[PDB]
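Only one chain is shown below, in structure tokens, and it's the form deposited in one PDB entry.
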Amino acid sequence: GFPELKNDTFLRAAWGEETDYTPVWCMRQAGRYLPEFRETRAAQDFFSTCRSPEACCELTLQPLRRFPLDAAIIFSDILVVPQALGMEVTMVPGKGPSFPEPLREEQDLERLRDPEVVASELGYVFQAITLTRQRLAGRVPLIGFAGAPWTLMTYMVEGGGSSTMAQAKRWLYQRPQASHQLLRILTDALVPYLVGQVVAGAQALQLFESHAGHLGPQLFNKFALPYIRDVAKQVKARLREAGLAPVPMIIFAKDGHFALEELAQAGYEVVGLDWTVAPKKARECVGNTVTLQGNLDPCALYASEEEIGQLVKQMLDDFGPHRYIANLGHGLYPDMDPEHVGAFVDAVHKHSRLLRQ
């Protein structure tokens, strides 16, 4: 029902196939570093923007008009899921996300919706995905996404960002049964949501475990890993059963150096890396089956266009040509210069071709 994909380099790399160059995209490529993003966002409030399919489609396309990126990622936010579960959220400009009434005791779980109804609440995201897939007209693949269960749990309990996740970790140690209950509710909401994203037109999916780094290995293996595994297994299952093709799935565990070995066995085609893990060491950890994605320090884009090209050259030398999709090690920051993002994109394309012939 959709236009035929023209440039599929990103998908071929994700599945582990040889490609003629290394495909590249950037986390937060639709973001505040773009003046045009600020302009179209100035029209609605944040979660209102997320609910207008035309606005989401527009913000998704904007970076592709500037740069020859090898994938688009739908504009949305990981917090749409806990919102759909019945939590009230804000993105008051300059402050970041906030739940003024976070989950703090086991009894608070009673306020959440049955996770089986969440996908219906997120119909607007599916509308945006279908629209954007049609408007892209096959230029590049479209990535859908969501937050991983533990990371969503941290926002719901902490009520926003935290440097320690002390309240969410206190749940894991003091309320392990209620923690597993919440993580299961999240898993059960995420599966039908991700499946719906693919039904609507997503050609790949990325799960953001942005708060992995706070756990360390014992708690990660108990509370984050099982659910990351269950998401991949159940999404693939549901898609096959609906007669659709599974899409490549990416797991990005920020600050998750300690989990890479387990992550490479978790049922994802691609493991995304932050900038703190040396590419050669990541390759040793994950082995030679999975694709790696990343991992340039996003702050490297503050350097000159010349310096960016040399950092990219180095990065590409370390990863080598096979089983690799270039990206930053985290999302672009709001004060970054679009021309330097352009420099990063062009450097990956130029140097990866030089590396092959």
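We number the residues from 1 along the sequence you see.
For the C-alpha atoms alone, is the average B factor greater in 88 to 96 or in 74 to 82, going by the entry? Here the higher of the two C-alpha B-factor means belongs to 88 to 96.
**Report entry** Stretch exceeding the other in mean C-alpha B-factor - 34 to 42, 55 to 63
**Finding:** In the deposited entry, the stretch with the higher C-alpha B-factor mean is 34 to 42.
**Asked** Of the choices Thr187, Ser179, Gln197, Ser163, which one's C-alpha carries the largest B-factor in the record?
**Response** In the PDB entry, the greatest C-alpha B-factor among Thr187, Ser179, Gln197, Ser163 is found at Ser163.
Checking the entry, which one of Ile129, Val117, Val247, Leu207 has the top C-alpha B factor? In this record, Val117 carries the highest C-alpha B-factor of the candidates.
Quiz prompt | CA B-factor ranking of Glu158, expressed as a third of its chain | solution = Tercile = middle for this residue's CA B-factor.
What third of the chain does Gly320 rank in for C-alpha temperature factor, lowest, middle or highest? Within its chain, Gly320 is a highest-third residue by C-alpha B-factor, going by the deposited values.
Q.
When the deposited Cα B-factors of this chain's modelled residues are ordered and cut into thirds, is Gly267 in the lowest, the middle or the highest one?
A. Middle third, going by the recorded CA B-factors of the chain.
**Request:** Please rank the C-alpha B-factors of the chain's modelled residues and tell me whether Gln234 sits in the lowest, middle or highest third.
**Result:** According to the entry, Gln234 has a C-alpha B-factor in the chain's middle third.
message = Can you tell me whether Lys169 has a C-alpha B-factor in the lowest, middle or highest third compared with the other modelled residues of the same chain?
response = For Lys169, whose C-alpha B-factor we compare with every modelled residue in the chain, the answer is the lowest third.
Below, we turn to the form deposited with a small molecule bound, even though it does not appear here.
### Query
Does the small molecule get within 4.5 angstroms of any non-hydrogen atom of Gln29 in the entry with it bound?
Looking in the entry with it bound, residue contacts with the small molecule include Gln29, since a heavy atom lies within 4.5 Å.
### Message
When the contact criterion is heavy atoms within 4.5 Å, does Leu109 count as touching the small molecule in the entry with it bound?
### Response
Output for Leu109 is no: heavy atoms all beyond 4.5 Å of the small molecule.
* **Distance check, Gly331 to the small molecule in the entry with it bound, heavy atom within 4.5 Å** => Judged by the heavy-atom cut-off of 4.5 Å, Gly331 is in contact with the small molecule in the entry with it bound.
* Would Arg323 sit within 4.5 Å of the small molecule in the entry with it bound, counting heavy atoms only? -> It does not: once the small molecule is placed as it appears in the entry with it bound, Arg323 has no heavy atom within 4.5 Å of it.
- Item | Location of the small molecule contact in the entry with it bound, chosen stretch of 125 to 133, 186 to 194, 74 to 82, 266 to 274 [non-hydrogen atom, 4.5 Å] | Contact-bearing stretch, as computed: 74 to 82.
Check: Does every residue of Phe37, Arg41 and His211 put a non-hydrogen atom within 4.5 angstroms of the small molecule in the entry with it bound?
Finding: So, yes: the whole triplet contacts the small molecule.
- Query: Only one of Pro246, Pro97, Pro102, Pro217 has a non-hydrogen atom within 4.5 angstroms of the small molecule in the entry with it bound; which is it?
  - Reply: That would be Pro97.
Just one of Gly287, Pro176, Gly86, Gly161 has a heavy atom within 4.5 Å of the small molecule in the entry with it bound. Which one? Selected option: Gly161.
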